[PDB]
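Structure first, then comments.
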Amino acid sequence: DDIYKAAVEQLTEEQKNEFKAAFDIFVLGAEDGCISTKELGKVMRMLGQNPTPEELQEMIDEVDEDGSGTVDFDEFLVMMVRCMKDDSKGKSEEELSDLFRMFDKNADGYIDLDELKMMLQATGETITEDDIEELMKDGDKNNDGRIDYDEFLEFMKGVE
Amino acid sequence: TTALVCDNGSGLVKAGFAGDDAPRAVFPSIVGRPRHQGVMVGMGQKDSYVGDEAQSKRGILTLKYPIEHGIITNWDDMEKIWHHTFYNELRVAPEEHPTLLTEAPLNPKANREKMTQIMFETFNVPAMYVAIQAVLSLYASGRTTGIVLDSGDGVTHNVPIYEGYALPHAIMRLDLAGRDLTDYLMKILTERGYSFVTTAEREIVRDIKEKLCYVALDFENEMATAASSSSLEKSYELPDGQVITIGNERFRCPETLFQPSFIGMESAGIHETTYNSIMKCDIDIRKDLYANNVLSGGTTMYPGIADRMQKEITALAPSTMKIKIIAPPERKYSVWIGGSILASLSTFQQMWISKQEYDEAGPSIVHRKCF
Amino acid sequence: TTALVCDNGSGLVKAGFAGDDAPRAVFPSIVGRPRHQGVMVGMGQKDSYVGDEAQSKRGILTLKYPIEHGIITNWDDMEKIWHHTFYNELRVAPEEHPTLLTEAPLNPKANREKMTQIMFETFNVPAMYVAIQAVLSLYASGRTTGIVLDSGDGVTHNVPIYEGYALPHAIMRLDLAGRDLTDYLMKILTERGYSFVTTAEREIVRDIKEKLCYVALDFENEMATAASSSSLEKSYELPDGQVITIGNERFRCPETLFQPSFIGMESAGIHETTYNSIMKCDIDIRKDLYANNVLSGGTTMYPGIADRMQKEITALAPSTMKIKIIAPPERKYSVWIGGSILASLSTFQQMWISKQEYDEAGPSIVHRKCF
Amino acid sequence: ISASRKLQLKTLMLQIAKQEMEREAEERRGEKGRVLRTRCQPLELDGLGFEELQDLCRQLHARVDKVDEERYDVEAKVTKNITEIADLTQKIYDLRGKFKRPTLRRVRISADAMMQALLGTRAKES
Amino acid sequence: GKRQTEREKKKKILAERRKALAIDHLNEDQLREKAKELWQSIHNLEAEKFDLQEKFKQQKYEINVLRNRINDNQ
Ligand SMILES: Nc1ncnc2c1ncn2[C@@H]1O[C@H](COP(=O)(O)OP(=O)(O)O)[C@@H](O)[C@H]1O
Ligand SMILES: Nc1ncnc2c1ncn2[C@@H]1O[C@H](COP(=O)(O)OP(=O)(O)O)[C@@H](O)[C@H]1O
Ligand SMILES: [Ca+2]
Ligand SMILES: [Ca+2]
Ligand SMILES: [Ca+2]
Ligand SMILES: [Mg+2]
Ligand SMILES: [Mg+2]
């Protein structure tokens, strides 16, 4: 699902129209472009299934970042692909721990913003300082300027 | 591969693959042979409808549960139920999946040994493990201490656990459960004129009990109120019309839990066997058990039981201790959720009873180190 | 570098770096294996909780002290206690620190030799020295004479010292101490209905003894008063509620010190073994010993003992001599404070048993000049 | 914005870290091999008298015994360190276990199967 | 007998890693072969010691990490 989402991410915008057409083929009557609890429940009941609205709202909250509680077009695509689960085992804990232990050049048991900057410069991918700030926020929950082992695991949780 | 977390239970078989939130298929465990003659030819009439199919044709069947009180009394029917569960409700051949059955505490050995022998010879699973139904319910709550009262439909048992060390001398197993409450409700309904006798109508009385009955906070006040006003009389429509009105039978059926003298049982209610189970524990872990009392099992879903039980225990317990009763909304499937969590653990992956081990020591392997 | 002033004791291990005022880490010396079965998997359950960790999980452990009466009866457990003390309570590897153990007078040789052999082979310290527990308590008082009664928890010993010259023929070691008082209190509590049996409940009785018991100034008058009025009955709340009321058990438990016939011991009380220890000394230093009687050790912390003992000795002693009892408020850690002072001295810096010396003469070096 | 780019950046960081770890490990292996080659004295198995041969062999045997003792001591020390770090890991689990058990994600029932059953082969994702 | 066991194991290692070595009855080819065996044994011991050093480094690093985690948790 997420892998399929990434694969389709290299396609045109009309695939969203195709997915809307398929959803209409299922449960025609949708007009707003947002799949709330009622629409997903109805389509699964037609299929012979019933997703829990708690899971649906959890998906809405996880996909939301600004706190809007709604879905944009790309957010609609992410919500649609969230109906299935494919990210299994989150790669491997031991390899992630080894990479984190390699990250600590000073061997202080923590990763600061400077080490993050050095690792990003080593990567060399097209990135901006805003992405660095977002990654630091997603990693440093307590905002102590360091990364704990538990906090590093949470930042790498569900990451392949 | 993935493990099959089956949970035989007594009244509802709950099964599903390890690692999910809810059991995949939940269906009553009844096997009912037809009892009339049958005149249509070629209708494709089978000789035994099991599971949820026999709750729709129950008008011409004689349903009979294969599990009486935790123990299994009819092994052929139980084998049929397991075969149905594996092949039609999950559609996964057992040759490629470990299984994790569950068993009540203090059950006869022969039951457990026969269960493992069946699972290894007939269905031919790779490896199976049997776990006590209360430790799983403690897993699901995310605790590691606490005394869990797992009032199922067959048998109510009360296993105290501290810091992961179970106390085998403090398990109080009582055989009053949902089935006896159904029979008592069916027996007190006759005081208004409604007579249910057939084994099919026991299901109707069970539905009445589930939808209408509730546990009274104070019994005498409710008995006095229901005898003067009429604000309690709730009506219910039978499967054919002729609505019935339940008066003070509403809170008298589940009151049997706290006064087992109603159905002639000698023992004390579920409010006092928990306190006795606590008092058998050591003097230094009683505060933690008081604060982490856990409820589980289906029969603990009555509206208003988590308050009556707390009031009773607070009456019994010393005034200083804090009494807290954990009643998660997912009570019914708590045991199965805990089973899924336990089967999904990496540390547990080497505790299964591998088939070669069974071949070397026979069915009596279950009582050995692989518990 | 700095020296480690450890003090094994019996009941509380007190340790810390030399040159401070109070021990850094003080924790009971108990090692308790779990005794129940344990059903939670992956809970991370260890095989032995030592020190202060086993005073919190004592509900499911069987605590057992590794030091009975000064002597050490279980060497593996004592090694475990030392390892914990060095690595987790102080976090200093012993490879870089001298150690100064303490030992009761008149103890078996093999105990001391095994202690030094362990410290030199297992922990591999640079140099260790063993000192008598009473000379340190005399250091801490800042005196240089005086007869010190060090009533610990294992053994009560009474070492007289004059002008720095110890009198080896006047040491009176008596094996009544805090532990026997705990057992006697636990035995007389049964006269009201409270029964404590488990080795975990001995800790509760110890807490009762510490918080409530006191030494009566005059025994018969207190026995008469407690039998008529009710102004003495002090209540105490167990770890689970059910408060208890201690009557004349309050001053009867510590009275055993002055009348060891209560627990069946023949010898005379701590009020008369001090006078006997004085009378064995020479006729010209008895006045100084009378005037500088020192109390130490934990068990001498009972409220009202420094007056009862003075009254008793004044009754025994000649009427002209002045009897003075030094009872510093820091009684419990007096031995360790004295140990710190002794380890901080420059003159003492060449008395350590250096490792090369042990390699040349074996563990029997401790009885030699390096005492 | 969307977490897809953030996920790509994180995966790039992980891949770069893995490559750097591989490079560092290979360099460490090479350095270790060179140091080990330097440590051991080269053999001189030519132009030696038979009695001199036996004397040199006995000297080598004595040095072998010395290195055996040294390596046994180092092995014991490392074993003690392993035991101590295992105890530390156990304590870490005790302080970080309890309720911190990860849970799998199976609450979603099979959706692709029903989609294909009720819509033929239109569901091209699954 | 734990310390006794350690001493016994060490003494065995004195005779286990190095067996009964009698060079008197060994000819020049045999002497060269045994000397090469000794040299290779010493090299292997060096390799094991180097690996032990690396493992000890890793153990110290992970111990520091665990101490940091313990401090942070409380
Ligand atoms: N919502 C409910 N309210 C009251 N009673 C219930 C409810 N749901 C189930 N029960 C009772 O609980 C029983 C099911 O218990 P269950 O936990 O399935 O037993 P088991 O432990 O064998 O699985 C039913 O027989 C029914 O009598
Ligand atoms: N405040 C107190 N009041 C009465 N008794 C005490 C008090 N504190 C400690 N004790 C008794 O003294 C014992 C501790 O003695 P301690 O001096 O630690 O022995 P050790 O010489 O082995 O260190 C305890 O077992 C307790 O019974
Ligand atoms: Ca949004
Ligand atoms: Ca760093
Ligand atoms: Ca942080
Ligand atoms: Mg159950
Ligand atoms: Mg002492």
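The numbering of chain A matches Swiss-Prot: 2-161, in order.
This entry, so its header tells us, was determined using electron microscopy, 5.2 Å.
Note: Cβ is positioned from N, Cα and C throughout, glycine not excepted.
Straight from Swiss-Prot, the features:
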- A:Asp65, A:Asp67, A:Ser69, A:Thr71, A:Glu76: Ca(2+) 1 binding site (BINDING)
- A:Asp105, A:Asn107, A:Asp109, A:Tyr111, A:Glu116: Ca(2+) 2 binding site (BINDING)
- A:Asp141, A:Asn143, A:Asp145, A:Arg147, A:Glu152: Ca(2+) 3 binding site (BINDING)
- A:16-51: domain 'EF-hand 1' (DOMAIN)
- A:52-87: domain 'EF-hand 2' (DOMAIN)
- A:92-127: domain 'EF-hand 3' (DOMAIN)
- A:128-161: domain 'EF-hand 4' (DOMAIN)
- A:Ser98: phosphoserine (MOD_RES)
Cβ-Cβ distance under 8 Å to A:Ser69 (Ca(2+) 1 binding site), same chain, at least six residues away: none
Sparsest-packed of the listed binding-site residues (A:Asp67, A:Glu76, A:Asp109) - C-beta count within 10 angstroms: A:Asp67
Among A:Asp65, A:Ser69, A:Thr71, A:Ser98, A:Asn107, A:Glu152, the recorded positions whose C-beta sits under 6 Å from ligand 3: A:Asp65, A:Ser69, A:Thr71
Environment of A:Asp141, A:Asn143, A:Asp145, A:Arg147, A:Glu152, the listed Ca(2+) 3 site - residues of the same chain whose CB lies within 8 A of the CB centroid: A:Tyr111, A:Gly140, A:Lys142, A:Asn144, A:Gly146, A:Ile148, A:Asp149
Nonlocal neighbours by CB distance (under 8 Å) for A:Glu116 (Ca(2+) 2 binding site), same chain, sequence gap 6 or more: A:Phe104, A:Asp105, A:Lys106, A:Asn107
Rounded to the nearest Å - Cα separation of A:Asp65 (Ca(2+) 1 binding site) and A:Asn143 (Ca(2+) 3 binding site): 21
Neighbourhood of ligand 4 - binding-site residues from A:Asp65, A:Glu76, A:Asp105, A:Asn107, A:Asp109, A:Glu116 with Cβ under 6 Å: A:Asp105, A:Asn107, A:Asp109, A:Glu116
A:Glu152 (Ca(2+) 3 binding site) to A:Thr71 (Ca(2+) 1 binding site) - Cα separation in whole Å: 28
Listed binding-site residues with Cβ under 6 Å from ligand 5, out of A:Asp65, A:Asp67, A:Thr71, A:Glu76, A:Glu116, A:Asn143: A:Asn143
Candidates A:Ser98, A:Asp141, A:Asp145, A:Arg147 (recorded positions) - the one closest to A:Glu76 (Ca(2+) 1 binding site) by CA: A:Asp141
Secondary-structure category, per DSSP, in which A:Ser98 (phosphoserine) falls: helix
Cα within 10 Å of A:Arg147 (Ca(2+) 3 binding site) - qualifying recorded positions among A:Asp67, A:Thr71, A:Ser98, A:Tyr111: A:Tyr111
Binding-site residues near chain E, Cβ-Cβ under 8 Å, from A:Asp67, A:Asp141, A:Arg147, A:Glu152: none
Nearest of the binding-site residues (A:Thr71, A:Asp109, A:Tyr111, A:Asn143) to A:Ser98 (phosphoserine), judged by Cα-Cα distance: A:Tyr111
